[PDB]
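Q: Supplied structure: coords06.txt, compact mmCIF, C-alpha atoms and all ligand atoms.
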# COMPACT_ATOMS: atom_id res chain seq x y z
CA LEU A 72 87.90 124.08 113.33
CA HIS A 73 89.98 124.98 116.39
CA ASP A 74 91.99 128.19 116.02
CA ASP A 75 95.77 128.34 115.89
CA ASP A 76 97.71 128.41 119.18
CA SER A 77 94.43 127.90 121.04
CA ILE A 78 94.23 125.87 124.24
CA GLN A 79 91.36 123.40 124.59
CA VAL A 80 90.67 120.15 126.43
CA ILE A 81 90.18 117.08 124.21
CA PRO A 82 89.46 113.47 125.28
CA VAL A 83 92.09 110.74 125.01
CA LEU A 84 90.99 107.19 124.35
CA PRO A 85 93.53 105.30 126.49
CA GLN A 86 93.75 102.32 124.11
CA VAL A 87 95.10 104.07 121.01
CA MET A 88 98.88 103.91 120.63
CA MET A 89 98.84 104.84 116.94
CA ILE A 90 100.45 108.03 115.68
CA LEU A 91 97.78 109.83 113.66
CA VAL A 92 98.48 112.55 111.10
CA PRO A 93 95.96 115.17 109.90
CA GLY A 94 94.03 113.45 107.15
CA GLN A 95 94.79 109.91 108.36
CA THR A 96 91.73 107.74 108.96
CA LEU A 97 91.46 105.84 112.24
CA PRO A 98 89.13 102.83 112.52
CA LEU A 99 87.85 102.20 116.06
CA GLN A 100 85.73 99.53 117.74
CA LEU A 101 84.82 100.15 121.38
CA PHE A 102 83.52 97.54 123.81
CA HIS A 103 84.05 99.39 127.09
CA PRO A 104 80.93 101.08 128.53
CA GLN A 105 82.80 104.25 129.46
CA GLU A 106 84.55 104.72 126.11
CA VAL A 107 81.23 104.17 124.34
CA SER A 108 79.57 106.87 126.46
CA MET A 109 82.41 109.29 125.71
CA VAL A 110 81.99 108.89 121.95
CA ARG A 111 78.21 109.33 122.15
CA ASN A 112 78.45 112.70 123.91
CA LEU A 113 81.43 113.64 121.73
CA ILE A 114 79.21 112.97 118.70
CA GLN A 115 77.07 115.82 120.00
CA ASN A 116 80.08 117.85 121.21
CA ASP A 117 82.10 118.59 118.01
CA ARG A 118 83.14 114.91 117.52
CA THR A 119 86.76 115.79 118.32
CA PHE A 120 89.14 113.54 120.27
CA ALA A 121 92.90 113.37 120.69
CA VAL A 122 95.36 110.90 119.17
CA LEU A 123 98.71 111.14 120.94
CA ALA A 124 102.05 110.28 119.35
CA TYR A 125 103.41 108.28 122.26
CA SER A 126 107.19 108.14 122.61
CA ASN A 127 107.33 105.49 125.35
CA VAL A 128 104.00 103.66 125.33
CA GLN A 129 104.89 101.90 128.59
CA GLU A 130 105.12 105.27 130.35
CA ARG A 131 102.45 106.78 128.04
CA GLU A 132 104.69 109.73 127.16
CA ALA A 133 103.65 111.79 124.13
CA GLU A 134 104.85 115.32 123.43
CA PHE A 135 102.48 115.89 120.51
CA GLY A 136 99.62 114.40 118.56
CA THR A 137 96.83 115.25 116.13
CA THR A 138 93.12 115.85 116.49
CA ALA A 139 90.72 113.29 115.04
CA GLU A 140 87.16 114.20 114.03
CA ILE A 141 84.51 111.46 113.86
CA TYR A 142 82.69 111.13 110.53
CA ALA A 143 80.90 107.77 110.88
CA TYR A 144 78.99 106.26 113.82
CA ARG A 145 77.12 102.94 113.87
CA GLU A 146 75.80 101.13 116.95
CA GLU A 147 75.36 97.37 117.37
CA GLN A 148 74.59 94.88 120.16
CA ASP A 149 76.50 91.59 120.22
CA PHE A 150 76.85 88.86 122.86
CA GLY A 151 74.81 91.00 125.24
CA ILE A 152 77.21 93.96 124.88
CA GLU A 153 76.59 97.40 123.40
CA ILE A 154 79.39 98.09 120.92
CA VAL A 155 80.31 101.16 118.86
CA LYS A 156 82.32 101.35 115.62
CA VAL A 157 83.47 104.83 114.60
CA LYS A 158 85.64 106.32 111.86
CA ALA A 159 87.56 109.58 112.35
CA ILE A 160 90.04 111.65 110.33
CA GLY A 161 93.10 113.57 111.44
CA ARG A 162 92.34 117.29 111.40
CA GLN A 163 94.91 119.39 113.28
CA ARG A 164 98.27 118.65 114.86
CA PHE A 165 98.81 119.68 118.47
CA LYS A 166 101.44 119.86 121.20
CA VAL A 167 100.73 118.36 124.61
CA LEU A 168 100.96 121.05 127.31
CA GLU A 169 99.22 119.08 130.07
CA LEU A 170 97.35 115.81 130.61
CA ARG A 171 95.54 114.75 133.80
CA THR A 172 93.01 112.02 134.49
CA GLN A 173 89.71 113.08 136.04
CA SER A 174 87.90 111.14 138.76
CA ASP A 175 85.64 109.31 136.27
CA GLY A 176 88.71 107.74 134.66
CA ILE A 177 88.19 109.97 131.61
CA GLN A 178 91.67 110.86 130.38
CA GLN A 179 91.71 114.41 128.99
CA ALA A 180 94.57 116.35 127.41
CA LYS A 181 94.95 120.13 127.30
CA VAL A 182 96.92 120.96 124.16
CA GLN A 183 97.85 123.85 121.87
CA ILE A 184 96.91 123.73 118.19
CA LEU A 185 99.98 124.04 116.01
CA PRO A 186 99.48 126.50 113.14
CA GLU A 187 99.29 125.29 109.52
CA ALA A 250 108.73 123.85 97.18
CA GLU A 251 106.46 122.85 94.29
CA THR A 252 109.45 121.32 92.49
CA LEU A 253 110.36 119.36 95.63
CA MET A 254 106.86 117.85 95.59
CA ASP A 255 107.21 116.86 91.94
CA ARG A 256 110.73 115.47 92.39
CA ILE A 257 109.46 113.53 95.41
CA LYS A 258 106.50 112.43 93.29
CA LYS A 259 108.90 111.12 90.64
CA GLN A 260 110.70 109.03 93.27
CA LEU A 261 107.36 107.45 94.22
CA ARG A 262 106.45 106.59 90.63
CA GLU A 263 109.77 104.74 90.23
CA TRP A 264 108.74 102.23 92.90
CA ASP A 265 105.29 101.78 91.34
CA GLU A 266 103.57 103.25 88.30
CA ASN A 267 99.97 104.32 88.89
CA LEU A 268 97.52 106.75 87.30
CA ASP A 271 95.28 112.06 90.37
CA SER A 272 94.10 111.15 93.88
CA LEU A 273 97.40 112.45 95.29
CA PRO A 274 96.76 115.95 96.67
CA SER A 275 97.65 119.22 94.96
CA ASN A 276 98.44 121.47 97.93
CA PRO A 277 101.93 121.14 99.46
CA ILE A 278 100.48 121.10 102.99
CA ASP A 279 98.20 118.12 102.31
CA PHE A 280 100.87 116.30 100.29
CA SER A 281 103.32 116.33 103.20
CA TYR A 282 100.70 114.67 105.41
CA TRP A 283 99.55 111.98 102.95
CA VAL A 284 103.21 111.08 102.37
CA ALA A 285 103.81 110.88 106.12
CA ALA A 286 100.85 108.52 106.54
CA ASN A 287 101.40 106.36 103.44
CA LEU A 288 105.07 105.46 103.99
CA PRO A 289 106.97 102.61 105.70
CA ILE A 290 108.19 104.83 108.53
CA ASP A 291 109.49 103.86 111.94
CA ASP A 292 107.35 105.37 114.70
CA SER A 293 110.43 107.30 115.84
CA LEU A 294 110.57 109.11 112.50
CA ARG A 295 106.76 109.22 112.26
CA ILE A 296 106.69 111.69 115.17
CA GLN A 297 109.70 113.68 113.92
CA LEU A 298 107.60 114.75 110.92
CA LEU A 299 104.76 115.85 113.19
CA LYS A 300 107.08 118.24 115.05
CA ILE A 301 107.80 120.00 111.76
CA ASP A 302 105.37 122.90 111.42
CA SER A 303 106.49 123.88 107.89
CA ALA A 304 105.02 122.19 104.82
CA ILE A 305 108.21 122.83 102.82
CA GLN A 306 110.31 121.46 105.69
CA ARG A 307 108.12 118.35 105.97
CA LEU A 308 108.43 117.86 102.20
CA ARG A 309 112.21 118.23 102.36
CA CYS A 310 112.78 115.90 105.32
CA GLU A 311 110.41 113.34 103.80
CA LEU A 312 112.28 113.23 100.49
CA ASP A 313 115.59 112.59 102.28
CA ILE A 314 114.15 109.38 103.75
CA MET A 315 112.84 107.95 100.47
CA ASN A 316 116.44 108.09 99.26
CA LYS A 317 117.79 106.62 102.52
CA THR A 319 115.60 100.58 100.43
CA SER A 320 114.09 97.43 101.96
CA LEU A 321 112.27 96.27 105.10
CA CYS A 322 112.97 93.42 107.50
CA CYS A 323 111.46 91.28 110.23
CA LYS A 324 111.54 93.10 113.56
CA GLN A 325 112.52 90.30 115.94
CA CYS A 326 115.00 88.86 113.46
CA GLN A 327 116.45 92.14 112.12
CA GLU A 328 118.13 89.84 109.54
CA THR A 329 115.27 88.50 107.42
CA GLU A 330 114.81 90.81 104.42
CA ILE A 331 111.14 90.68 103.42
CA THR A 332 110.39 93.27 100.74
CA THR A 333 111.60 96.55 99.25
CA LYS A 334 110.26 99.94 98.20
CA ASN A 335 109.90 98.77 94.57
CA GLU A 336 107.11 96.40 95.64
CA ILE A 337 104.67 98.86 97.24
CA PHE A 338 101.49 99.72 95.33
CA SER A 339 98.02 101.20 95.88
CA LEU A 340 94.85 99.12 95.66
CA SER A 341 92.91 102.28 96.60
CA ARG A 342 93.45 106.03 96.81
CA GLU A 343 94.77 105.67 100.38
CA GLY A 344 96.13 102.35 99.09
CA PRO A 345 99.86 102.66 99.95
CA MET A 346 99.14 102.16 103.65
CA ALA A 347 95.84 102.00 105.51
CA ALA A 348 94.43 100.72 108.79
CA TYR A 349 91.89 98.03 109.65
CA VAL A 350 90.40 96.91 112.96
CA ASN A 351 90.89 93.49 114.49
CA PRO A 352 87.48 91.73 114.07
CA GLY A 354 89.79 95.96 119.08
CA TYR A 355 93.37 96.03 117.88
CA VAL A 356 94.05 98.37 114.95
CA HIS A 357 96.64 97.29 112.38
CA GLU A 358 98.31 99.33 109.66
CA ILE A 359 98.77 97.13 106.60
CA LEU A 360 101.22 97.92 103.79
CA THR A 361 100.15 96.67 100.35
CA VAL A 362 103.04 95.15 98.38
CA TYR A 363 103.07 93.13 95.17
CA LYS A 364 105.59 90.44 96.18
CA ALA A 365 107.34 89.31 99.35
CA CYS A 366 110.22 87.11 100.54
CA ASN A 367 111.24 84.78 103.36
CA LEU A 368 107.64 84.39 104.62
CA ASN A 369 105.71 81.13 104.93
CA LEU A 370 101.98 81.09 104.35
CA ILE A 371 100.05 78.98 106.86
CA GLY A 372 96.92 76.99 106.08
CA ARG A 373 94.60 77.82 103.18
CA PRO A 374 92.80 81.03 102.19
CA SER A 375 89.67 82.04 104.09
CA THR A 376 86.98 84.45 102.90
CA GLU A 377 85.92 85.47 106.42
CA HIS A 378 85.79 89.27 106.78
CA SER A 379 88.50 89.89 104.20
CA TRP A 380 89.80 93.40 104.85
CA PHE A 381 89.87 93.74 101.06
CA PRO A 382 86.61 92.71 99.37
CA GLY A 383 86.64 89.95 96.79
CA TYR A 384 89.98 88.62 98.05
CA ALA A 385 90.83 85.72 100.35
CA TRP A 386 93.53 85.83 103.00
CA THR A 387 96.17 83.46 104.34
CA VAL A 388 98.38 84.25 107.32
CA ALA A 389 102.03 84.85 106.48
CA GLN A 390 104.77 83.97 108.95
CA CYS A 391 108.51 84.53 109.21
CA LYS A 392 110.53 81.49 108.18
CA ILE A 393 113.18 81.98 110.85
CA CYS A 394 111.36 83.29 113.93
CA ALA A 395 107.67 82.50 113.18
CA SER A 396 106.44 86.08 113.75
CA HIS A 397 103.23 86.91 111.88
CA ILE A 398 104.46 89.48 109.37
CA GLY A 399 101.08 89.86 107.72
CA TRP A 400 98.79 88.09 105.25
CA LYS A 401 98.77 87.08 101.59
CA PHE A 402 95.77 87.96 99.45
CA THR A 403 94.42 86.01 96.50
CA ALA A 404 91.62 86.91 94.10
CA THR A 405 88.44 84.83 94.26
CA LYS A 406 87.91 85.79 90.60
CA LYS A 407 90.59 85.83 87.90
CA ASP A 408 89.12 89.12 86.66
CA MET A 409 90.65 91.25 89.43
CA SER A 410 93.82 93.05 88.33
CA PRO A 411 96.28 92.60 91.25
CA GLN A 412 95.94 88.81 91.37
CA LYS A 413 98.72 88.31 93.95
CA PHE A 414 99.16 90.98 96.63
CA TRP A 415 100.48 90.89 100.19
CA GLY A 416 99.32 92.71 103.31
CA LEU A 417 102.06 93.31 105.86
CA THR A 418 101.65 94.57 109.42
CA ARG A 419 103.73 97.65 110.23
CA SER A 420 104.25 96.56 113.84
CA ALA A 421 106.11 93.42 112.68
CA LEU A 422 108.52 95.20 110.31
CA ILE A 423 111.56 97.35 111.10
CA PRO A 424 113.16 99.44 108.32
CA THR A 425 116.83 98.73 107.64
ZN ZN B 501 111.57 86.83 111.85
Is it possible to give me this structure as structure tokens?
Ligand SMILES: [Zn+2]
A:
Amino acid sequence: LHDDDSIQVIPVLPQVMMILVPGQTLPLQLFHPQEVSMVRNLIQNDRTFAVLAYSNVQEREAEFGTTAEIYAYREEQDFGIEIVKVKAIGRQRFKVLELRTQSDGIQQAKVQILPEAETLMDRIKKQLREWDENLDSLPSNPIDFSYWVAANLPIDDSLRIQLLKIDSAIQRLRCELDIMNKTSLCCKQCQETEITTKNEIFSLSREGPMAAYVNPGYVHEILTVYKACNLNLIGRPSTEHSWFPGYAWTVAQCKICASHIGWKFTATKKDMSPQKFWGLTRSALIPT
């Protein structure tokens, strides 16, 4: 692993506008010949690329980000194209010192690794159990716990970065608890439609609270909630490439503005425990 305060050059996939956190999984599917070639060499060259926390995506302005290390690589060939699907985990946060694009179009970023309250954890843990009671997979260390919380939380991207700037685990834990106290989400374009609340979130899996899935190119972050409001389902369930196995999906849509706020999931077998659960896209929701 890269040393603290070091300065190295790490590739930037120009498509990603997600804000990754150390320990946050990123699913990627690459169709472009260049991006594919970059990952292949990178697979031999430490499998480490850069995920920037863009402030203004239009200008592509990010002051910091986190490193992502590839752990899965599978190659396919569809419609005459060579495609690559890779999975990578956040490893180390960094601060952007420089970023210039080489002649080949390969965007590289030179960055500096940023160096690495028990009752505050537990009190924060009690606040999470109030919204949903579950069985632990939650981490023991305070460092890891601050990151998992930052990833699995309905956070605005503005505040998502603000917790990456914090270099103290105890400070991350303290700032994160203040937000959980600060209640419900809403439709972005509307800003009036109230969709769900913190009491509805739950975890189908260990990383259940929030996780990411690829567009069968686009990468969505989907919040799992038990019930929802003010959203119309459209059509009938389909079992095609259900992001959650054994469930069928139907597109949800805002009643007022018709923005696609997510999907509604339904068990193909009565045996499954969360019979009714909703997947909601983070990009379509703004916290109140
Ligand atoms: Zn709306």
Q: Which residues are close to segment 327-334 of chain A, i.e. within 12 Å by all atoms listed in the file, leaving aside same-chain residues fewer than 4 positions away? Reply as a PyMOL selection string.
A: chain A and resi 260-265+288-290+314-317+319-323+338+345+360-369+389-396+398-399+415-418+421-425
Q: For segment 385-388 of chain A, please output as a ChimeraX atom specification all residues within 6 Å (counting all atoms listed in the file; exclusion window: fewer than 5 positions along the same chain).
A: /A:370-371,373-376,400-403
Q: Using all atoms listed in the file, find the one residue out of A:177, A:107, A:167, A:99 that sits nearest to residue 141 of chain A.
A: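 Selected residue with least distance to residue 141 of chain A: A:99.
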Q: Residues at most 12 Å from segment 155-159 of chain A, counting all atoms listed in the file, excluding those fewer than 3 positions away in the same chain, as a PyMOL selection string?
A: chain A and resi 91-111+113-114+117-122+137-149+152+162+348-352+354+356
Q: Report, in Å to a single decimal, how far apart atom CA of residue 127 of chain A and atom CA of residue 179 of chain A are.
A: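 Result for atom CA of residue 179 of chain A versus atom CA of residue 127 of chain A: 18.4 Å, one decimal.
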Q: Please, what distance in Å, to one decimal, runs between atom CA of residue 76 of chain A and atom CA of residue 301 of chain A?
A: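 Atom CA of residue 301 of chain A lies at a distance of 15.1 Å from atom CA of residue 76 of chain A.
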Q: Using all atoms listed in the file, determine which residues lie at most 12 Å from residue 173 of chain A, disregarding the query and same-chain residues fewer than 4 positions distant; provide the list as a list in words.
A: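 The residues satisfying every condition are residues 80, 82, 83, 177, 178, 179 and 180 of chain A.
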Q: For ligand ZN 501 (chain B), which of A:297, A:170, A:324, A:377 is the closest residue, counting only C-alpha atoms and all ligand atoms?
A: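 Comparing A:297, A:170, A:324, A:377 against ligand ZN 501 (chain B), the winner is A:324.
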Q: If you measure from atom CA of residue 379 of chain A to atom CA of residue 266 of chain A, what distance in Å do you get, rounded to one decimal?
A: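 Those two atoms sit 25.7 Å apart.
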Q: How would you write as a PyMOL selection string the residues that get within 12 Å of (97.1, 125.5, 120.5) in the file's frame, counting only C-alpha atoms?
A: chain A and resi 72-81+135-138+163-169+180-187
Q: Specify the axis-aligned box that encloses all atoms of segment 180-183 of chain A listed in the file after padding of 6 Å on each side, stating its centre and edge lengths in Å to one decimal as AutoDock Vina command-line options.
A:
--center_x 96.2 --center_y 120.1 --center_z 124.6 --size_x 15.3 --size_y 19.5 --size_z 17.5
Q: Let me make sure I understand: among A:295, A:397, A:300, A:131, which one has the smallest atom-to-atom distance to ligand ZN 501 (chain B) if we use all atoms listed in the file?
A: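 Of A:295, A:397, A:300, A:131, the one nearest ligand ZN 501 (chain B) is A:397, counting all atoms listed in the file.
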Q: Using only C-alpha atoms, find the one residue out of A:126, A:275, A:325, A:174 that sits nearest to residue 420 of chain A.
A: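 Of A:126, A:275, A:325, A:174, the one nearest residue 420 of chain A is A:325, counting only C-alpha atoms.
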Q: Around (94.6, 93.5, 90.5), as given in the file, which residues come within 12 Å? Count only C-alpha atoms and list them as a compact mmCIF listing (two decimals) with C-alpha atoms, in the coordinates of the input.
A:
# COMPACT_ATOMS: atom_id res chain seq x y z
CA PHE A 338 101.49 99.72 95.33
CA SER A 339 98.02 101.20 95.88
CA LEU A 340 94.85 99.12 95.66
CA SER A 341 92.91 102.28 96.60
CA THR A 361 100.15 96.67 100.35
CA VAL A 362 103.04 95.15 98.38
CA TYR A 363 103.07 93.13 95.17
CA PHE A 381 89.87 93.74 101.06
CA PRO A 382 86.61 92.71 99.37
CA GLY A 383 86.64 89.95 96.79
CA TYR A 384 89.98 88.62 98.05
CA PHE A 402 95.77 87.96 99.45
CA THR A 403 94.42 86.01 96.50
CA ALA A 404 91.62 86.91 94.10
CA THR A 405 88.44 84.83 94.26
CA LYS A 406 87.91 85.79 90.60
CA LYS A 407 90.59 85.83 87.90
CA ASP A 408 89.12 89.12 86.66
CA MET A 409 90.65 91.25 89.43
CA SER A 410 93.82 93.05 88.33
CA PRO A 411 96.28 92.60 91.25
CA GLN A 412 95.94 88.81 91.37
CA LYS A 413 98.72 88.31 93.95
CA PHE A 414 99.16 90.98 96.63
CA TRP A 415 100.48 90.89 100.19
Q: Which residue out of A:268, A:90, A:326, A:254 has the minimum interatomic distance to residue 298 of chain A when all atoms listed in the file are used?
A: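 Checking each candidate against residue 298 of chain A, we get A:90 as the closest.
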